[PDB]
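Chemist: Just dropping in an experimental structure and the matching sequence.
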Amino acid sequence: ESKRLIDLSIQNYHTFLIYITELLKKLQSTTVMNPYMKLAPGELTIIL
Amino acid sequence: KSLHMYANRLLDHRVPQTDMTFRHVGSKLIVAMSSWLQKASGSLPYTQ
Amino acid sequence: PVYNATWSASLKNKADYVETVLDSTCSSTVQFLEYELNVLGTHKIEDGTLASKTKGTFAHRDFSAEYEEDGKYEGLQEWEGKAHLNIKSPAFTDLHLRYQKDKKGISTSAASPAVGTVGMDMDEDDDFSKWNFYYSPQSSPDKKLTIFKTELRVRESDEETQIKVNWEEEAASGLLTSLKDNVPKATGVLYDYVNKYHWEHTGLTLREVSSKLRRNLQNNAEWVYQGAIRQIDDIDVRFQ
């Protein structure tokens, strides 16, 4: 049962991160204010 | 533009292990509402 | 006669440096409850700065612990030196921890035969800084899976500053798989451990002791049941 729980955790974690990245990209497209945010798969860069 | 980006955000995200976006549920509810409207009496071109 | 334990401590001052010696041991009728622990540390305060060297080693049936520390202490915020820990456990897995700190870099990692090698390195500088959190697979110590990474960069041109945060889903998934695979590894060692102690003392397994308890329960149940049946005949006869 421990191994099954960890398997499901990995599965949903992976299935979830891609949707999060897509939503983040769509949100970042909203604004172009002076502090510029660059989003990448598995990475985020912040310029201040 | 704001409504467009909000629609993009809604379309692009859903919970893991399900690939049906919430916009289909919204369209289903809109279809039900339109069916009720056409059922309703006192129809007007403004309803169309 | 059954139990003898000795705790010996001594603090000594020798001109320029202090020396701390600690000893502790126990003699027991129990085999796995006897040991000897020892530590030695020489402490020299040179014109206010401290130079520290200490060794702590433990001995026991189920493992032995060996730790080395060296370094110096300038002020309350500048310790430069190395710390190395090595564990030899027949009872469970072994481990080897290495900690390093220089004025411009901190590096440390732990090599576990079950998880692998988990380490983190901090390179610090005025105009840049980078934090690296990596997991090297147990099956591949030659590469580092970046669990996370931070990169601060203050631009020397203009007033801009960059923050770059990076992570690997691969590292997290591999570590999760290693952890879920490690469950039986701990379970078996602990099970054999408890059975080993049961053997050392009464010669029985945990399952053997469970079976003995069940058998004794059954025996006592019959002992009660026979008398419960007999009392009926006793009462009937006396009534007649």
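Modeler: Thanks, I have the structure now. Residues are numbered from 1 along each chain as shown, chains lettered A, B, ... in the order given.
Chemist: Show the contacting residues for the residue of chain C at minimum distance from chain B.
Modeler: Nearest residue of chain C to chain B: residue C:169, at 13.5 Å (CB to the nearest CB). (Each C-beta comes from the backbone N, C-alpha and C, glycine too.) Residue C:169 is in contact with A:13, A:14, A:17, A:42, counting by CB atoms under 8 Å, 6 or more residues apart in numbering or on different chains.
Chemist: My read is that the second one contacts residue C:173, right?
Modeler: Yes: taking contact to mean CB atoms under 8 Å, the distance of 6.9 Å between residue A:14 and residue C:173 places them in contact.
Chemist: Compare those two (neighbour count), which wins?
Modeler: Applying other CB atoms under 10 Å in any protein chain shown to residue A:14 and residue C:173 shows that residue C:173 carries more neighbours, namely 16 against 13.
Chemist: excluding its backbone neighbours, what's nearest the closest residue to chain A within chain B?
Modeler: Chain A sits closest to residue B:16 of chain B, with a gap of 3.4 Å, by CB to the nearest CB. Leaving aside its sequence neighbours, residue B:16 sits nearest to residue A:15 (CB to CB, 6 or more residues apart in numbering or on different chains; 3.4 Å).
Chemist: The longest helix anywhere in chain B packs against which elements?
Modeler: In chain B, assigned by DSSP state H, the helix with the most residues is helix B:22-39. Here helix B:22-39 touches helix B:2-12, going by 3 or more CB pairs under 8 Å, 6 or more residues apart in numbering or on different chains; DSSP states H and E.
Chemist: How about residues contacting the helix it packs on?
Modeler: Identification of contacts with helix B:2-12 by CB under 8 Å, 6+ apart yields A:19, A:22, A:23, A:26, A:27, A:29, A:30, B:21, B:22, B:23.
Chemist: By neighbour count, which of the residues you listed wins?
Modeler: When neighbours are counted by other CB under 10 Å, residue A:26 leads the contacts of helix B:2-12 with 19 neighbours.
Chemist: returning to that earlier point: can you add distance to chain B and give the contacts of residue C:169 back as JSON lines?
Modeler: Below are the contacts of residue C:169 laid out as JSON lines (distance: CB to the nearest CB, whole Å):
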{"residue": "A:13", "distance to chain B": "8"}
{"residue": "A:14", "distance to chain B": "8"}
{"residue": "A:17", "distance to chain B": "9"}
{"residue": "A:42", "distance to chain B": "17"}
